[PDB]
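Heads up, the thing below is written out as structure tokens.
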Amino acid sequence: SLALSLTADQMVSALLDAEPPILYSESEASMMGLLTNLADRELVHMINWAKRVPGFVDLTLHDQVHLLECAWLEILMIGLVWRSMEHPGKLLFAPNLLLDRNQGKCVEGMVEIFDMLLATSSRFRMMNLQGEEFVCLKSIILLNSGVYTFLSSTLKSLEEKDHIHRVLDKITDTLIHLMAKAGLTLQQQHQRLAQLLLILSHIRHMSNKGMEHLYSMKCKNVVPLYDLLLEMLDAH
Amino acid sequence: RXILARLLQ
Ligand SMILES: C[C@]12CC[C@@H]3c4ccc(O)cc4CC[C@H]3[C@@H]1CC[C@@H]2O
């Protein structure tokens, strides 16, 4: 039970050291091939990362597989939104792949999602989101997205959920702590906390639209045979 | 079944 003993500062630190490496990247089909090739490679590193997320390895394998399947696109979006944050009007998929909004028009229905992503990036920028807050939010996403979509028929399954909600509580304390160090009023803290968790709600939305878009692109036969990405996609 | 399954184990 390492997870629940970690202090605020130990949680933040531990999350900053699990951060995956930033990858470089290598018509409608080619744009989709470009984005899904990046996504597929990051998935490999997102798995290594999830294992380093406190309390994650404590779950059953079937539940680890469940949380990553539910949250993965949400996790690629929040990371994309975060690193685009200093790049107004631009999406920084990779250090060698900085995409304009108008570059979304290469793919049917994609510019819409780019708009949603850039608006989220602007919100994070206007709020002056900190990196320490970002890593907290991404771990919340991993832990909370599939917690409600678990086999609620087993006592063991009911213990998994309870453990996940004790850990998520920790992360809330961690976020509160970070906001106090930043010298926020108690009022300003819980306001900021809610403003951020409410953004996870738009991110779940963006992810639902992007999942629809990718399944639709796969049906057009314009998605290459990236085995791990299709594995995630086909869990819906 | 699995790649996810294998990288998590
Ligand atoms: C999932 C899509 C391909 C991969 C894209 C991606 C790829 C890598 C990444 O870090 C973030 C994102 C967010 C938007 C994603 C796209 C929205 C629809 C499209 O199918």
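Every chain in the structure tokens takes a letter, A first, then B, and so on in the order presented; its residues are numbered from 1, and the ligands are numbered from 1 following the presented order.
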
- request: Using DSSP on the backbone coordinates, identify all residues within chain B classified as helix (DSSP H, G or I); present the result as a list in words.
  value: residues 4, 5, 6, 7 and 8 of chain B

message: Should the cut-off be 9 Å, what would the residue list for chain A against chain B look like, counting only C-alpha atoms, as a PyMOL selection string?
response: chain A and resi 43-44+47-48+50-51+57+61-62+64-65+68+227-228+231-232

query: When the cut-off is 7 Å and you count only C-alpha atoms and all ligand atoms, which residues lie near ligand 1, shown as a list in words?
result: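 Answer in the requested format: residues 32, 35, 36, 38, 39, 73, 76, 77, 79, 80, 93, 110, 113, 210, 211, 213, 214 and 217 of chain A.
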
Could you list, as a PDB file with N, CA and C atoms, in the first residue's frame, every residue within 9 Å of residue A:161, counting only C-alpha atoms and ignoring same-chain residues fewer than 4 positions away?
ATOM      1  N   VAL A 147     -13.516   3.652 -13.774  1.00  0.00           N
ATOM      2  CA  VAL A 147     -13.875   3.176 -12.439  1.00  0.00           C
ATOM      3  C   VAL A 147     -15.365   2.889 -12.333  1.00  0.00           C
ATOM      4  N   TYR A 148     -16.169   3.631 -13.089  1.00  0.00           N
ATOM      5  CA  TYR A 148     -17.615   3.450 -13.076  1.00  0.00           C
ATOM      6  C   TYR A 148     -18.045   2.364 -14.055  1.00  0.00           C
ATOM      7  N   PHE A 150     -16.745  -0.749 -14.312  1.00  0.00           N
ATOM      8  CA  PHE A 150     -16.101  -1.975 -13.855  1.00  0.00           C
ATOM      9  C   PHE A 150     -17.134  -3.025 -13.457  1.00  0.00           C
ATOM     10  N   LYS A 156     -14.394  -8.609  -4.731  1.00  0.00           N
ATOM     11  CA  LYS A 156     -13.086  -8.121  -5.158  1.00  0.00           C
ATOM     12  C   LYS A 156     -13.221  -6.875  -6.036  1.00  0.00           C
ATOM     13  N   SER A 157     -14.103  -6.936  -7.029  1.00  0.00           N
ATOM     14  CA  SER A 157     -14.337  -5.780  -7.878  1.00  0.00           C
ATOM     15  C   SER A 157     -14.767  -4.563  -7.063  1.00  0.00           C
ATOM     16  N   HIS A 165     -10.850   4.994  -5.330  1.00  0.00           N
ATOM     17  CA  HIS A 165     -11.376   6.268  -4.858  1.00  0.00           C
ATOM     18  C   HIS A 165     -10.584   6.819  -3.671  1.00  0.00           C
ATOM     19  N   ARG A 166      -9.920   5.960  -2.886  1.00  0.00           N
ATOM     20  CA  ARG A 166      -8.999   6.462  -1.871  1.00  0.00           C
ATOM     21  C   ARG A 166      -7.775   7.106  -2.515  1.00  0.00           C
TER      22      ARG A 166
END

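Interatomic distance, atom CA of residue A:172 to atom CA of residue A:123: 20.4 Å.
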
task: Might you pull out every residue within 9 Å of stretch 124-139 of chain A, with only C-alpha atoms counted and same-chain residues fewer than 2 positions away left off, and present them as a ChimeraX atom specification?
output: /A:11-13,15-16,19,50,53-54,74-75,78-79,81-82,85-86,88,119-122,141-144,168,171-172,174-175,178-179,192,196-197,200

- prompt: Looking only at the backbone, which of the residues in stretch 76-223 of chain A does DSSP tag as strand (DSSP E or B), as an NGL selection string?
  reply: :A and (90-94 or 97-100)

- request: Please provide as a list in words all residues within 12 Å of residue A:101, with the sequence filter that same-chain residues fewer than 4 positions apart are discarded (counting only C-alpha atoms).
  value: residues 84, 87, 88, 89, 90, 91, 92, 105, 106, 107, 110, 111, 112, 113, 114, 115, 116, 117, 118 and 119 of chain A

query: Distance atom CA of residue A:99-atom CA of residue A:234, one decimal place?
result: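 Value for the atom CA of residue A:99-atom CA of residue A:234 distance: 27.2 Å.
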
message: What's the separation between atom CA of residue A:181 and atom CA of residue A:55, in Å to one decimal place?
response: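 Interatomic distance here is 25.0 Å.
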